[PDB]
Amino acid sequence: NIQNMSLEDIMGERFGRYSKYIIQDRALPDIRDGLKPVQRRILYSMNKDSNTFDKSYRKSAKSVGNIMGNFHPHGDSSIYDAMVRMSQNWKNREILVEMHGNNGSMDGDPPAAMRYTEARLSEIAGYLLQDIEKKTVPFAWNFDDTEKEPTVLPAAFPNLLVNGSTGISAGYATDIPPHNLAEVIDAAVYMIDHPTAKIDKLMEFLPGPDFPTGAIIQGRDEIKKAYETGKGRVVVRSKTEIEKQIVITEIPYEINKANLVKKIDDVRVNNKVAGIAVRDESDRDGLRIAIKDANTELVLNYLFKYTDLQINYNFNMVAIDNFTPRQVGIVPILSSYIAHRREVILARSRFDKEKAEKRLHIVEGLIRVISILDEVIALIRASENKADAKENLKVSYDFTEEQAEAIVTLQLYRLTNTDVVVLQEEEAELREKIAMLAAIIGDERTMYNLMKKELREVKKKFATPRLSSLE
Amino acid sequence: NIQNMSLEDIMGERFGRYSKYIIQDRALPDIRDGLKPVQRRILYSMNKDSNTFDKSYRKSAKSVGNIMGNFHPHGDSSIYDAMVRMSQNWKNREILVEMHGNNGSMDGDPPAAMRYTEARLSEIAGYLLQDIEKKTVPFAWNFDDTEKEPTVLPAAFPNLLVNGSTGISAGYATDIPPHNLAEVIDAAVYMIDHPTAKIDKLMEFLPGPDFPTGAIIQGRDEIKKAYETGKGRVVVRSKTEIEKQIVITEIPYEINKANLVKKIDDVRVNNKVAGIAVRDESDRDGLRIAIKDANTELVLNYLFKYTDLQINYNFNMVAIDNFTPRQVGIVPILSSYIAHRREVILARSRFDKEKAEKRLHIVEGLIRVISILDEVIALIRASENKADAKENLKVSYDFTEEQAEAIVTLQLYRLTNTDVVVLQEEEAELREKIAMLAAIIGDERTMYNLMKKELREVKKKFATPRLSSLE
Amino acid sequence: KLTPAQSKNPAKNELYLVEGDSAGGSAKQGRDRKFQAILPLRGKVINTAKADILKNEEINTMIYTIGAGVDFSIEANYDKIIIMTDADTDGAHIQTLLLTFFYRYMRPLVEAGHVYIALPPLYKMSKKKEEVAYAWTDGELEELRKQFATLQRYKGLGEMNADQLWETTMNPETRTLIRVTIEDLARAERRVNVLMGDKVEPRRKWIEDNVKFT
Amino acid sequence: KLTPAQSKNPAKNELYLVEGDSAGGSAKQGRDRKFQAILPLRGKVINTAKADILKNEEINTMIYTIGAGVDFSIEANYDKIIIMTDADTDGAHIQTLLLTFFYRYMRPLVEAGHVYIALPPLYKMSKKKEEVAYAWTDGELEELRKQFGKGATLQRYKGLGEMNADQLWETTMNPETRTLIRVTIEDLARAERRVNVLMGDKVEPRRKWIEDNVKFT
DNA sequence: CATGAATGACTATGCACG
DNA sequence: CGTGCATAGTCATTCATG
Ligand SMILES: [Mg+2]
Ligand SMILES: [Mg+2]
């Protein structure tokens, strides 16, 4: 047996498969939680294993093996390296993993092997997961059909813009600048109220990228273009001070302090520019780079051109919406994030309401029993099996099924507490909760308002000043 | 501040530390479960995670990460590679791990990376762990003080001789030939009855090594020396057949079929011997190597000398007894194994007896309640708290503490079954079990007899014909 | 380095190209050494359609072990060169890459009918008495699941055993192969140059217009 | 390749020898770049007491970055060469190995008082308000545990790369609060005798040395 | 120079894009 | 060239012993 296929056609299928997987499943972030899958699987798996900010740290390698084993059929290194990025304050704005030990730096030194380091999920990280456990989001099977995985996260905050993301796949690549969590949410909220929102006004809220490495960003015009179209070019200049000497205390995002320094000194030895006179003295708590004819402005101004003390940063904002590559601006990203939070909210409530209704129906039941208690126990005693017990209650006092298991499985000290007042209290509580919920579920404005609250409550907790400045 | 130390003294401490750890904790097998620590930690960790022969397979890398994280502060590779040996039928006699996928072979091809393979604990492996969960063996803390680890295994069978072990540390090295589980146990049992046993008689049972690769072993004299002193030299000859051509269907333990073949053909091309005429045609299910002037006996006889078709195997039987390196013979190894099983047995029983006595005292209690039931419930109702409930029972019917929790926490359908006959049945059962146990615990012959039974029950299940032959 | 067959016969001996050593192990193990030779590659293969080339160990070795040469000339050395990659999607990329190498350079080899693709299982599903199936991609899975379970997924060839790899995807009696032939040249060049090409501008449009992201 | 200090001054600059890149990272990070230079080795070091030698990258580099040479001659290049290894037992072996290299070849260096051993924590134990201790070997641990009583968390550095920058400095590099070991030799005869047994090539005696001297309790 | 646990690292590839 | 996820590999060293 042999099937005869062409070259053209075989080349087609085979490429088409890979092109797809690469785009969705590997490189490109979901527009909703702004996460690539490795990231997602790391968060989910870690949190599932409860490895949270409040509890102790956990040997990264264990973490990696568990992900690989349960969720992610790939190299250890691919996973762990990604895990390490998420622990990189100069790379991510709001970090989603805390690691203890050597995880590289701005000098580019390489992160310590996984058998060394230890990691946990950060605080804000939890907010990405929040309400996961309440059927708020679509699950799939893992590769083995052994256990189910989330396809996206709830996403309490708009991770995508916040922490940016890059960015290389077949046909598409992406770069998205980090942003100021506070500012981002401001925009989100505004759009929630005035959906038909123009960029110019959105800009009043989200004015442009916030880099974790501070720096100076210049190019309002092109920035707008980026936010409108999804593509743009911006200028980023290290932050310069003059001492009486050039003091550098911030450099451009994604740039390598170490090599950056050598490139500067190479300028001196090559004596390519005039007054060139270059030392790096930075330590655990601050960045400092030190640089006759004080043609200083010429030296500095030249440096910007001829080196990476000032670079440009490029916008290619490409995410996955509707299972597909899209290049989008602030408006699509924001809108879609919002709409997500809606489904999440409604799903949350729907699940909560049912949870409520069950214990309510069960409580309603216990209440009735409290009044027939003497006779009820009498019945149970005269009953043959546990099941015979249940079935006799259903026949006589026509309790329901679930009410039966509940009354029967009741331990005994629970009889110590016959007191319909308390049950009534809980019942009042439930009824209040349910009718409140049913509102969100069918009150569309009531729903969006809750979206607004939660977002504000987040903006408050994780809010942080700007670090990058705009010129 | 600086402490001034010599070279002689510093060199002393530093070496003395390493020398110790290396001997005990790394290389040398415990004489009781005949396991090096990595091995032990792999078994324990796997089994703890219930990764057993009866249930599905589990992604090796997950396995490795968990060991590394919980028990074993070292390289992934060190651990996994060891895990892979334990999955090697041509290396171990009775295998303690089953792996699915490519785990090397006799051609020496390298095992597939861990992210590929999947593994579980074998069947007999469980017997090494059996009764672990009943406080049968000394536990220690892990490196992190986060969780406790066994210092040796129960060891239902005499793993050390069975699967042999090697073998490199500071000052000491070890090689121990695998042995025939059936034969080994035979010896063990005999010694159990006639402890003052001479080797010559033990030899009647354990006659010498059983290699997993079959082969022919010649040197009864030196073998005895090995079993007596702990050191010996033996001859091992591949098993030869003549077809009308030389057919090889077994080679010597620890020998590399692949290179072995090249070395043979190198003989031909170097035309070092006469009739040299060499092909390897072995496939998944059988070993076959194929080799004018039919000076055949000269060719074969030469091959033995000039190549590894016949080698010698060396005995260096060195294990850890009493926390220290010892070179020992069959008698020490057997005796010590036996004495171990004693402690294990007695500890098992001691723990079982207590478990018994508690439920017995609790059962005895329920029995009493069945007769006061009406009034007891009445009390519970008139009681204020769960605790107030308990305390009132202790005051009135002077039940004990534990009896109280038991009667109180009783669910309700449990009342459906008021029937002192059944409880009495269980009580009879317990009393019989306890008095039986107390015997083993203080009856020394009764104890050794149970040792004999369990050993036989094992010899039966895992028994296997000899594979190596003795000349 | 390669694991060649016993007999050296260019009339009925096959070359099995594999994604790496780990996979290669299972290859060598489950195999009729009479006429089956096995050659590992170190992962993803240089895009030959994008001096850089011949200097790449992995390509250079393929050339040597096959005979012929890059020009080309033929009959060396096996009447089948079979590409056997992991069953996952990265496998398809390597298939893609290897093929454009053959098509670009070894063209006649391809034009002839001497380039084969081997199609090893991705999923195996199971329910003394056992029932077992094999699936080759996600689609296949659903029907298998409905039919049956424990599902096993081969994250690479090194993950199945010797018996399996043979019985499913090497033994000619029960195996099934793909034979790669070219029925234009124009269409071929056109396609390979877009997908594997160097321009991207069009590759993207090809995805956009052709990749069903459902 | 090495991560050298800013000032090039053989009067007060130190060379930190480390067990590898991962550890080296934490080294470079928590450190006063004014006078602290850092050189990684690839794991276990050639037993110099057992041409094979000089051909071993790891030894050859050490020689070059230090000046002097193997013969020797002195003042290059730092008034301290400090051996900083993982705090576990494999660390002690590397300490052992490095020292016999210095003692064998760079002898005066050793005889002088320019070879140092750095003593970084192995265990850190913890109970807004925090109480923290450091232990250096199993013995130390028991008293620490007893002290901290309940609620403690114990951390064990399976290698330097596992502690942070602040820690490595504050504990084991900053001269104000650090403590170093200075290796001097008070015989030569005793030295040779000892090194040749332990690190030697004969084994027959090494064993007896263990037997008679290693307390396997 | 293997052998078995350990110490500690490195290299080639695709993919879009400035 | 580097960037971030992926594909897949390799090397030095210790220790005892034939
Ligand atoms: Mg693969
Ligand atoms: Mg270390």
# chains A, B, ... in the order shown; residues from 1 in each chain; ligands from 1
$ residues_near_ligand --ligand "ligand 2" --cutoff "10 Å" --atoms "only C-alpha atoms (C1' of nucleotides) and all ligand atoms" --output "ChimeraX atom specification"
/A:116 /B:74 /D:18-20,22-23,43-44,85-92,94,157-162 /E:7-8
$ select_by_dssp --residues "segment 35-198 of chain D" --states "alpha helix (DSSP H)" --output "ChimeraX atom specification"
/D:57-66,89-104,107-112,138-148,165-172,189-198
$ atom_distance --atom1 "atom CA of residue 357 of chain B" --atom2 "atom CA of residue 135 of chain B"
16.2 Å
$ interface_residues --of "chain D" --to "chain F" --cutoff "12 Å" --atoms "only C-alpha atoms (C1' of nucleotides)" --output "ChimeraX atom specification"
/D:19,41-48,50,53,55-59,90,93-94,96-97,198-204,206-207
$ closest_residue --among "C:41, C:98, C:149, C:133" --to "residue 23 of chain C" --atoms "only C-alpha atoms"
C:41
$ atom_distance --atom1 "atom CA of residue 218 of chain A" --atom2 "atom CA of residue 250 of chain A"
15.0 Å
$ residues_near_ligand --ligand "ligand 1" --cutoff "8 Å" --atoms "only C-alpha atoms (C1' of nucleotides) and all ligand atoms" --output "VMD selection string"
(chain C and resid 19 to 20 23 43 85 to 88 90 to 91 155 to 157) or (chain F and resid 7)
$ interface_residues --of "chain C" --to "chain B" --cutoff "9 Å" --atoms "only C-alpha atoms" --output "list in words"
residues 6, 21, 22, 23, 24, 25, 26, 28, 29, 30, 31, 32, 33, 34, 150, 154, 155, 156, 157, 158, 159, 160, 161, 162 and 163 of chain C
$ interface_residues --of "chain E" --to "chain B" --cutoff "9 Å" --atoms "only C-alpha atoms (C1' of nucleotides)" --output "VMD selection string"
chain E and resid 3 to 6
